[PDB]
């Protein structure tokens, strides 16, 4: 068995959607990310109010690719005033640190049966950027990602 995730109460988990494969590669290389304004605001609030008591995990997926590509942990608050134009599109304002945990492709077929009660019971694989995942569903997703091969 594997009960690593039992009794974990502090932890928050979000979907990250990237239109760009390039941005994924740059995030893996330099351990940084940036979301939309409302996306950054959601993550910064969860990171700050967690106050080191647990992790904020990020489940990355390239829109249209049909698979999740990895897991990272958020490792800083959002700096909203940073160099512009470092990503594929000039849409994103700011930067925060991440630490990538898993880089592996996990087909949506492995995850589509987990549904998010906070998003109209939709499959977790039909989420938008910074969709938050309830902790109990997030544990199921993480166990799947870690044990896929």
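Numbering follows the first chain given and starts at 1. Definition used throughout: the rigid core is the maximal C-alpha set that superposes within 1.5 Å between two forms.
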Core superposition done, the stretch whose Cα atoms deviate more in 9 other deposited structures of this protein, picking from 65 to 73 and 82 to 90, is 82 to 90
Considering every modelled residue of the chain and its Cα B-factor in the PDB entry, is residue 47 in the lowest, middle or highest third? highest
Record-listed C-alpha B factor of residue 35: chain third: lowest
Among all modelled residues of this chain, ranked by Cα B factor, put residue 56 in the bottom, middle or top third, i.e. lowest, middle or highest. middle
Select lowest, middle or highest to describe the third in which the CA B-factor of residue 28 falls within its chain in this entry. lowest
Sorting the chain's modelled residues by C-alpha B-factor, tell me whether residue 114 ends up in the lowest, middle or highest third. middle
